[PDB]
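Report on the structure
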Amino acid sequence: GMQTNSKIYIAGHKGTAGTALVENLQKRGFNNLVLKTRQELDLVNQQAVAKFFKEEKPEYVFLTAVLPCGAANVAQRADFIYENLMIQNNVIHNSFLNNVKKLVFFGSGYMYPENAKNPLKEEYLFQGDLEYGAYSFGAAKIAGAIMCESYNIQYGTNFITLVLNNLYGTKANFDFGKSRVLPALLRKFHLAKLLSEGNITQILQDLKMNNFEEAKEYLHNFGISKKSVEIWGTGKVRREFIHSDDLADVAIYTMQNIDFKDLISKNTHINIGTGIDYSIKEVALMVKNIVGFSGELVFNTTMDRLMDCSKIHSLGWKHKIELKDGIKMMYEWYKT
Amino acid sequence: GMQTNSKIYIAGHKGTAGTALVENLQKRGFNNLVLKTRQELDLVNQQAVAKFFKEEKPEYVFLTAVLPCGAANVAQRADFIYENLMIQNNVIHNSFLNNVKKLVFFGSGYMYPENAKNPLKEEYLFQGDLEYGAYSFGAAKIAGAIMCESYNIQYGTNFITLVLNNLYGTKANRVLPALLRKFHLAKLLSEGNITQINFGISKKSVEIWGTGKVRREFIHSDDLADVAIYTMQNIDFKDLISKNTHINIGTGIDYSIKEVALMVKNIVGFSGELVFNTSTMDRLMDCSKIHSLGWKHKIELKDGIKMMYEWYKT
Ligand SMILES: NC(=O)c1ccc[n+]([C@@H]2O[C@H](COP(=O)([O-])OP(=O)(O)OC[C@H]3O[C@@H](n4cnc5c(N)ncnc54)[C@H](OP(=O)(O)O)[C@@H]3O)[C@@H](O)[C@H]2O)c1
Ligand SMILES: NC(=O)c1ccc[n+]([C@@H]2O[C@H](COP(=O)([O-])OP(=O)(O)OC[C@H]3O[C@@H](n4cnc5c(N)ncnc54)[C@H](OP(=O)(O)O)[C@@H]3O)[C@@H](O)[C@H]2O)c1
């Protein structure tokens with residue numbers, strides 16, 4: 001499909017997936033990208049989106065823009081459904097109206113039933129109720145997948161949905177209270193190692209503090225000590241991770257090689273991932289070993305999510321970046 | 001809630017439910033109504049809907065507007081999801097932005113799994129796959145119900161979803177009107193009234209495709225208007241609790257297509273024969289929840305069909 005000079009729109013280009021798509025496309029020599037910040041183009045606004053498509057006429061679209069659901073903002077139950085449905089509707093429909101050749105949309109494993117068997121098959125859609133916290137976000141993602149398929153059936157569009165669980169990259173936010181599970185664990189174990197070695201000066205520099213008494217209390221409160229790191233929960237819940245370079249790779253592979261006609265007329269979405277999951281305990285141990293911390297884990301007191309990737313494997317794509325290598329890259333970056 | 005002087009918006013006011021809401025509201029003294037035709041206000045257009053709410057500031061909203069899915073237009077798989085999600089989103093979100101006091105949204109039994117047990121309980125949402133033809137339409141209806149509930153949880157709104165199976169009315173446009181008209185035409189043929197005059201209609205018989213064993217539940221539009229008004233006056237979100245807070249409405253009784261066809265035949269007075277040519281999803285609501293909240297239907301099917309036919313003959 002796409003050539004060097006094809007006009008390619010990446011919606012939500014400043015996010016984790018968006019940034020990875022822009023960087024990988026540029027590295028591969030694609031030099032006709034169209035990018036709009038949130039301030040330039042509000043994707044919830046139908047009139048602004050309609051005018052953009054009419055005036056710019058992109059040939060290919062990667063739809064990465066989202067209001068994401070997590071632990072910190074789970075109260076925004078109405079916003080997760082309204083905003084995500086509007087972004088999906090505005091982009092998908094105006095792509096159709098302006099003769100976009102092909103579009104890739106990203107779904108979430110929260111679209112599958114809370115009690116579904118792992119590994120999750122594409123045909124598990126609608127086989128039971130969704131998890132409570134992510135209920136409205138998951139429902140929006142189902143509607144996005146069904147929208148893509150419905151345009152493909154009625155109008156012969158080529159709009160493909162790729163569904164993933166947890167995304168990470170080399171460059172992460174390591175601020176406490178703001179960091180996801182991998183960067184948070186990495187920083188905890190790095191600090192614990194410094195404590196065990198008696199490197200007071202480096203602790204103060206890492207934390208941006210000038211009083212060690214205050215530093216020791218902050219570490220003690222976040223479960224960090226010279227002998228152990230404290231982990232909330234039993235450590236038994238299992239998670240699958242995909243590196244953003246692998247997300248970019250499969251998205252571009254799909255655009256170039258996988259058409260709607262190859263998938264058929266229900267459950268035509270495609271799961272993506274590495275096909276391997278890890279308990280929180282196993283992840284913590286891997287991080288401990290990469291950092292080189294000589295101490296222990298301690299636990300203080302239930303839905304697993306792992307894709308069945310049989311479909312995408314059958315279509316000729318597999319991941320390159322194993323989780324231990326991805327964590328290693330993140331740690332090297334952190335130390336700069 | 002509503003007072004007789006409260007400003008009330010009925011979206012989609014020319015349809016079957018809309019017409020009945022307008023008439024029943026006016027009969028009770030609720031005359032401060034705001035009504036817009038499709039030509040005046042396209043509910044898929046976000047900018048037009050946002051401007052309408054800002055200018056008119058309705059206090060109460062009945063959302064009846066829809067692109068309906070039937071046998072004749074089942075090819076419109078994309079339009080069913082896109083158009084219905086846009087109407088729902090535009091009306092619900094702009095109601096919130098403009099401090100609407102209460103809203104009623106109408107769902108469909110196509111939101112429930114194809115193989116769910118009848119009678120259908122509210123908790124059967126997401127317990128299996130939807131019927132293939134109605135898959136995209138049912139998905140849109142699920143999103144509408146979840147949108148109402150999500151605004152109620154995050155923002156403390158009072159947006160209530162009522163879910164039904166088959167609507168018919170005195171002033172109506174679909175299975176019941178079509179059977180009524182088929183039998184009326186057959187009767188006219190047998191009486192030789194050419195002036196007044198492949199659908200299986202002849203002077204000696206009406207032939208219906210299928211076994212006519214499939215079962216359907218019907219609600220008369222005056223009963224839909226009655227329960228919608230009852231909900232506005234008496235049922236708040238706090239009374240329903242925090243999941244599956246939609247409410248089934250209906251009569252609680254179903255009929256095979258054969259039984260319905262016979263009832264219509266007898267009311268019309270066609271003297272010929274009914275024939276089924278034999279070359280599967282039932283839909284009946286469990287109405288225990290709405291009954292527990294203090295409403296039940298008044299119009300039995302035989303009487304409702306009689307009302308519809310009298311109107312038709314004018
Ligand atoms: N673990 C994961 O991150 C994960 C797991 C499952 C699926 N996914 C899916 O993968 C896709 C990409 O996720 P991500 O992690 O890369 O997202 P992200 O890092 O949260 O980025 C989202 C981007 O969308 C933009 N955006 C949101 N609303 C907008 C609006 N109204 N107008 C314009 N731009 C808007 C944001 O702009 P601002 O920067 O201005 O805020 C941001 O740049 C999404 O569809 C997501 O659901 C990701
Ligand atoms: N009918 C049933 O058996 C049944 C069963 C299940 C649930 N329901 C639900 O009950 C509600 C009422 O159904 P109904 O049978 O009364 O519907 P209806 O007779 O089909 O009426 C629909 C109305 O919506 C209007 N409309 C559609 N798209 C519009 C748009 N873009 N802008 C403005 N107006 C628009 C139509 O205007 P025009 O007249 O100009 O086209 C029409 O007046 C719907 O939510 C429906 O899903 C009905």
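Each value, and the rule that gives it
- Residues numbered from 1 in each chain as written, not as in the entry; some residues may be left out.
- Chains lettered and ligands numbered in written order.
- Heavy atoms only, no water.
- Helix = DSSP H or I, 4+ residues; strand = E, 2+ residues; numbered from the N terminus.
- Rg over C-alpha atoms; globule rule 2.2 N^0.38 Å.
- Buried < 20%, exposed > 50% of the residue type's maximum accessible area, 1.4 Å probe, protein only.
- Areas by Shrake-Rupley, 256 points an atom, 1.4 Å probe, with all protein chains shown as cover.
- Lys, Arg positive; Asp, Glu negative; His and termini not counted.
- Charge placed at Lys NZ, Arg CZ, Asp CG, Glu CD.
- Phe/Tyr/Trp six-rings, centres within 6.5 Å; stacked < 30°, edge-to-face > 60°.
- Near = heavy atom within 4 Å.
- Polar contact = N/O pair within 3.5 Å; in protein donor to acceptor, adjacent residues only side chain to side chain.
- Nonpolar A, V, L, I, M, F, W, Y, C, P; charged D, E, K, R; others polar.
- Disulfide = S-S within 2.5 Å.
- Salt bridge = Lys/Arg side-chain N within 4 Å of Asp/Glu carboxyl O.
- UniProt positions renumbered as here; feature names shortened; annotations may be inferred.
- Contact = heavy atoms within 4.5 Å.
- Buried area = accessible area lost by both parts, 1.4 Å probe.
- Axes fitted to C-alpha atoms, helices over the stretch in contact; angles between N-to-C directions.
- Left-handed = near helix turned anticlockwise from the far one by under 90°.
- Expected span 1.5 Å × (residues − 1).

- Per the PDB record, this model was obtained through X-ray crystallography at a reported resolution of 1.66 Å.

1. Some words on the overall build of chain B
- For chain B, the helix and strand inventory stands at nine helices and twelve strands.
- Relative to the 2.2 N^0.38 estimate, which gives 20 Å for 314 residues, the radius of gyration of chain B is 20 Å and therefore close to what a compact globule would have.
- If one aligns the C-alpha atoms of chain B with their principal axes, the spans along those axes are about 60 × 40 × 40 Å.
- Here chain B holds 314 residues, and 56% of them are scored as buried.
- Of the accessible surface of chain B, which amounts to about 13,800 Å², a share of 48% is contributed by carbon and sulfur atoms.
- One finds the centroid of the 36 positive side-chain charges in chain B at a distance of 3 Å from the centroid of its 30 negative side-chain charges.

2. Here we look at the packing of aromatic side chains
- One pass over the structure, following the stated rule, counts 27 aromatic pairs over all chains.
- Ring centres of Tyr9 of chain B and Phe53 of chain B lie 5.9 Å apart, and the angle between their planes is 85°; on these two criteria the pair is classed as edge-to-face. Of this pair, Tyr9 of chain B sits in strand 1 (residues 8-11) while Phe53 of chain B sits in helix 2 (residues 46-56); the two residues are 44 residues apart in sequence, bridging distant segments of the chain. With respect to burial, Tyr9 of chain B and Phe53 of chain B carry one shared label: buried.
- For the ring pair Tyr168 of chain B and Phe218 of chain B, a centre distance of 6.4 Å and an interplane angle of 80° mean the geometry is edge-to-face.
- An aromatic cluster of at least three residues, connected via ring pairs, comprises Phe96, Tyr151, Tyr155 and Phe159 of chain A.

3. Focus on the site of ligand 1
Residues and elements named next belong to chain A.
- Taken together, the neighbourhood of ligand 1 is formed by 24 residues, with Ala17, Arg38, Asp42, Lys141 and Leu167 sitting nearest.
- Here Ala17 contributes a backbone N or O atom positioned 2.6 Å from an oxygen atom of ligand 1.
- A distance of 3.5 Å separates an oxygen atom of ligand 1 from a polar backbone atom of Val66.
- Look at ligand 1: alone it shows 920 Å² of surface, and the protein chains cover 80% of it.
- Secondary structure elements with two or more residues in the shell around ligand 1: helix 1 (16-27), strand 4 (102-108), helix 4 (135-155) and strand 6 (166-168).
- If you tally residues by element for the shell around ligand 1, the top one is strand 4, at three residues.
- Residue composition of the shell around ligand 1, grouped by class: twelve nonpolar, eight polar and four charged.

4. Examining the state of the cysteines
- With the rule as written, the count across this model stands at zero disulfides over all chains.
- Free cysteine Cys148 of chain A: the closest other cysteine sulfur is in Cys309 of chain A, separated by 19 Å.

5. Here we look at the pattern of salt bridges
- Tallying each qualifying case throughout the model produces 24 salt bridges over all chains.
- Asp249 of chain A is paired through a salt bridge with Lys320 of chain A; the nearest N and O atoms lie 2.9 Å apart.
- Overall, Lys320 of chain A belongs to the exposed group, its relative accessible area being 58%.
- Across the salt bridge formed by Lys101 of chain B and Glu59 of chain B, the nearest N and O atoms sit 3.1 Å from each other. A residue pair is termed long-range when its members are at least 10 positions apart, and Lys101 of chain B in the loop between helix 3 (77-97) and strand 4 (102-108) and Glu59 of chain B in the loop between helix 2 and strand 3 (60-63) qualify at 42 residues.
- Residue classification places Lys101 of chain B among the partly exposed positions, given a relative accessible area of 47%.
- Connected through shared salt-bridge partners, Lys7, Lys36 and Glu56 of chain A make up one network.

6. Focus on the UniProt feature "active site" (unreviewed entry) in chain B
All names here are of chain B.
- In this structure's numbering, the residues bearing the UniProt feature "active site" (unreviewed entry) are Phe137.
- Within the fold, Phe137 resides in helix 4 (residues 135-155).
- What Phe137 contacts, discounting residues up to four positions off in sequence, is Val66, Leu67, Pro68, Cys69, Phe80, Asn84, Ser108 and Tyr110.

7. Some words on the interface of chain B and chain A
- Taken residue by residue, the interface counts 39 residues in chain B and 39 residues in chain A.
- Of the roughly 3,600 Å² buried between chain B and chain A, counting both surfaces, carbon and sulfur atoms make up 58%.
- Counting the surface chain B buries against chain A, the share from its top three residues, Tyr82, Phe126 and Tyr135 of chain B, is 20%.
- If you look at where chain B meets chain A, you find two salt bridges.
- Linking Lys266 of chain A and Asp129 of chain B is a salt bridge whose minimum nitrogen-to-oxygen distance equals 3.0 Å.

8. Structural notes on the UniProt feature "active site" (unreviewed entry) in chain A
Residues and elements named next belong to chain A.
- Per the UniProt record, "active site" (unreviewed entry) is found at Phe137.
- Looking at the element boundaries, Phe137 is found in helix 4.
- Owing to a relative accessible area of 7%, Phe137 belongs among the buried residues under this scheme.

9. Some remarks on the side chain of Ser256 of chain B
Residues and elements named next belong to chain B.
- Looking at the secondary structure, you find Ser256 in strand 11 (residues 255-256).
- According to the relative accessible area criterion, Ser256 is buried, its value standing at 7%.
- Apart from residues no more than four positions distant in its own chain, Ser256 is found in contact with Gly212, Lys213, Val214 and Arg215.

10. Some details on the packing of helix 1 (residues 16-27) of chain B against helix 6 (residues 221-234) of chain B
Residues and elements named next belong to chain B.
- With their axes 9 Å apart at the nearest point, helix 1 and helix 6 run at an angle of 65° to one another. The way helix 1 lies across helix 6 gives a crossing that is right-handed. Along its contact with helix 1, which presents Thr16, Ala17, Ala20, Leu21, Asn24 and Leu25, the element helix 6 presents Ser221, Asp222, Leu224, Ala225, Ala228 and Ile229.
- When the residues that make up the contact of helix 1 with helix 6 are grouped by side-chain class, the tally is eight nonpolar, three polar and one charged.

11. Here's the deal with helix 7 (residues 257-268) of chain B
- Its twelve residues place the ends of helix 7 of chain B 16 Å apart at the C-alpha level, agreeing with the 16 Å of an ideal helix rising 1.5 Å per residue.
- Positive backbone phi, at 85°, marks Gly269 of chain B, one or two positions downstream of helix 7 of chain B.

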